[PDB]
Amino acid sequence: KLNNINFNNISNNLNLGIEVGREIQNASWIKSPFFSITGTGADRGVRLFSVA
Amino acid sequence: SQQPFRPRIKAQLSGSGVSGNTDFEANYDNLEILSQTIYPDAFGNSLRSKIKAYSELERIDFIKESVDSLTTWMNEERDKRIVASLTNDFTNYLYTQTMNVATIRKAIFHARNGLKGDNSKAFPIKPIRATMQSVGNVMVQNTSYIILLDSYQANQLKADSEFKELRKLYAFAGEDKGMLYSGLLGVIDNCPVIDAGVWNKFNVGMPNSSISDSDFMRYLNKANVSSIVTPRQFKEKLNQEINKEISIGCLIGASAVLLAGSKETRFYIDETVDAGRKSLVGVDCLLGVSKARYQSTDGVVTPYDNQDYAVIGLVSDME
Amino acid sequence: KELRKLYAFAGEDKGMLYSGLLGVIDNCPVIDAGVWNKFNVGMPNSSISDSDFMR
Amino acid sequence: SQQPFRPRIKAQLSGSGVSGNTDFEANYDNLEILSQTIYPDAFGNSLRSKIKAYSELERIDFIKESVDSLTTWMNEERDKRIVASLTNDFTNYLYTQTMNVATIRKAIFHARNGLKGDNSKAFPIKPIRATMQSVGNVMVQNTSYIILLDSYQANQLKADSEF
Amino acid sequence: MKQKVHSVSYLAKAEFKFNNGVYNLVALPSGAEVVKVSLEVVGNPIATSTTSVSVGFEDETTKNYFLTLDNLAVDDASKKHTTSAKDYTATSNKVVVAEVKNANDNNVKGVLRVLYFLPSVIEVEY
Amino acid sequence: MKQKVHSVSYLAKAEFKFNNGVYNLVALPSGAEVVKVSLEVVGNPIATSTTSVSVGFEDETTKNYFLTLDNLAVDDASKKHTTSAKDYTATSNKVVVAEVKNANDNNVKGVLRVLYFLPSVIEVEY
């Protein structure tokens, strides 16, 4: 076992240093159609009552 | 310093939380962070000329022609890598016997909410664009993905009754002026539908189960991927449920494929072959291509764990 | 479909089929709210467990 | 100086190339040039007249009438050269019982993607025109060919529901 | 008298330890012209030995396309070295492997040498 | 598929006129991969000419590592050319020689062609 085929992709190259992404990007993007219904006026579909 | 790149995503919380007076520690939430590593790959091609007297005899300008040819070969290798990584082992896909607008809609809202072909609950796919529009007085957000169909699939979609209905509607309305005339597919549900071609030996297109395993596999990095399901193996998988070849398209959202490094190419012109008579023109590239597919950093099972981040497969019988 | 055709003749609810939306039906806007999953809010369905809803 | 003409096309490169550290000489590509040779052909027609006495008798201006009819003949015969060479020995074709827009769409798809009627592989036929057009924001390349049907196929197409 | 010839040539050499199993020995590119495949057994195979070696391809079920080699302890002269009688143009990327079975020997080794030409071609005039 | 292969090869031809003695024919460097050794008899060996040649190394006592030709006139056709069955890796600078004895002939000559690869390797990925 001296000169056999090594199936070692470039991930097994000890000259490469990995670089980690500069920012962790967020996997959350969705907005829902409820912030616009909600309100204080009596006409709103979801009415907020101010209660001290 | 085009080292292997590691981008990371922050999963979002799905925990029950804690009720009225129970303590936080009774149900902590996990801050699951996921990562991928994109290793580069080196590939290139060369052209050796004839003797100088023979090139000016046959009136072939070898440097010009070889640079042009190698530029084209290089662009096609790049895109074939992007598409091969984009189309192996779909974790999420829909199979239909003939492409139609119903299946494109199914895919678009499967991506909008997060669902799988078995009507499961995966994760919402981030779109290429997402805007706040106003229906009457309610602010909704509408998404725009990119649907890359195979040309057999675009030909199936053109002969679809509801697609003709929708083109009639657009005509009465007047927005996609010049798509049905120009043979294009236009926008369906805010999402541009594109005939992306057919994969052949000369240029890139959406693959099909007619391609050979080795011919498809020589375009995967094999350090950037975990498993490998070629279109032929994917056809065998879908066959376990008759002898029809399949055709593959993709709904893609933002960052479905990640390119690390420098997609620029290098040209090596050696005018010193055979003491200066002959000539060599080489073109080389080092590029990391990977389908966006993040793995759990520590150990945790998560909807994002071994799943295509922004790719739904769209499989139809190529006929 | 035929109501969208009528709207297009009249030219009133512009964009609510090129954008995938649903628009207004009888003065009242129709809205795709989404699907209820473990991640964000949508309209519920019978698939949800009783306990998960009652929470 | 209308000699036999020889035009040439540069074939598109294929072939694996080299990967990793393998040097270029392990897989040289072939810059392949294809040529055709077109040889000219002489053809013509002629009209002879009757005796001068008969031409003036029947008040036939022979030079004029003969010239315009021979012009029409020359036009038709050049066009028939073109059509015969165009229709000889199809290497790639589609058959159908009746001409419908399904088959025309299939033919445009086949031409743009280098497919044969049996889905075998070929090269993408170059179009009369090609353009970059934006759909949403994706730039697509649309192609215009030319479809030449006869009268019977044009009828079969007009009797098509999809048409 | 024009022709197209292969000007680039490689020799791959690989050792395996004559245990049981298969060994991924030689990596052939596509279109490569294999002109020599030779196996040399370095060692003293004891008498009463069943060790059998077979050099071939991995993609084929039986791994004995190129060479077979049995009875290593019978006339140590025609079993020490064995060259393949077959040439081969690689239609695709290939893996020349060697499969060994019934191995009942110690410190016996195999050196495989594969001389093959690369798929490149140049035009030659004579 | 990574591997390391020799890319440089030399053919060395030498001729010797079949007298008695040894002849320093081929020079091998350390690490050379002898992939072919062949000996060709140019001439018409006499009937009952019991001359005998053997090709091997000079540092070994019996110079018959590669080839041995006896009875050069019985099956002349199969005796014109003989190829060695062995492949060799030179661990030091070697000298391939031919020892020819019992030489009782005239005009008979030998040509030894030795094809060997050089010690250099390059890394090839397929």
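The letters A, B, C, D, E and F name the chains in turn, as written, and every chain counts its residues from 1.
By our rule, a contact is a pair of C-beta atoms (placed from the backbone, for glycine too) under 8 Å apart; a residue touches a chain by one contact, two chains touch by 3 or more.
Which protein is which chain? UniProt says B = Major structural protein ORF14.
A.B. asks: If you apply the touch rule, which chains end up adjacent to both chain B and chain C?
C.D. replies: For chain B paired with chain C, the chains in contact with each are A, in label order.
A.B. asks: Taking each chain's centre as the mean of its CA atoms, which one is farthest from the centre of chain A?
C.D. replies: It is F whose centre lies farthest from that of chain A.
A.B. asks: Which chain wins if you rank chains by how close their C-alpha centre is to the centre of all protein C-alpha atoms?
C.D. replies: Looking at where each chain's C-alpha mean falls, the closest to the middle is B.
A.B. asks: Using C-alpha centres only, name the chain that sits farthest from chain C.
C.D. replies: It is F.
A.B. asks: Distance between chain D and chain E based on Cα centroids, please, to the nearest Å.
C.D. replies: Centre-to-centre distance between chain D and chain E: 53 Å.
A.B. asks: Per the centroid of Cα atoms for each chain, what is the distance between chain D and chain F, given in Å?
C.D. replies: That pair's centroid distance is 65 Å.
A.B. asks: Could you work out how far the Cα centre of chain B sits from that of chain D, in whole Å?
C.D. replies: 36
A.B. asks: Averaging over Cα atoms per chain, report the distance between chain C and chain F in Å.
C.D. replies: 88
A.B. asks: Mark out which residues of chain A touch at least two other chains, giving numbers and ranges.
C.D. replies: Counting only residues that touch two or more other chains, chain A contributes 3-5, 7, 30, 33.
A.B. asks: Which positions in chain E are in touch with at least two other chains?
C.D. replies: 8, 12-14, 26-27, 29, 93, 95, 120, 122
A.B. asks: Residues of chain D touching chain E in their complex?
C.D. replies: Its residues touching chain E are 16, 25-28, 30.
A.B. asks: In their shared complex, at which residues does chain C touch chain B?
C.D. replies: These residues of chain C touch chain B: 1, 4-5, 8-9, 14-24, 28-32, 34-35, 37-40, 42, 55.
A.B. asks: Inside the complex, what are the residues of chain A that reach chain F?
C.D. replies: Residues 3-8.
A.B. asks: Okay, in this complex, where on chain E does chain D touch?
C.D. replies: 7-8, 29-31, 118-122
A.B. asks: Considering the complex alone, what residue numbers of chain B touch chain A?
C.D. replies: 1, 3-12, 33, 35, 37, 39-41, 123-124, 126-127, 130, 132, 137-141, 221-223, 304
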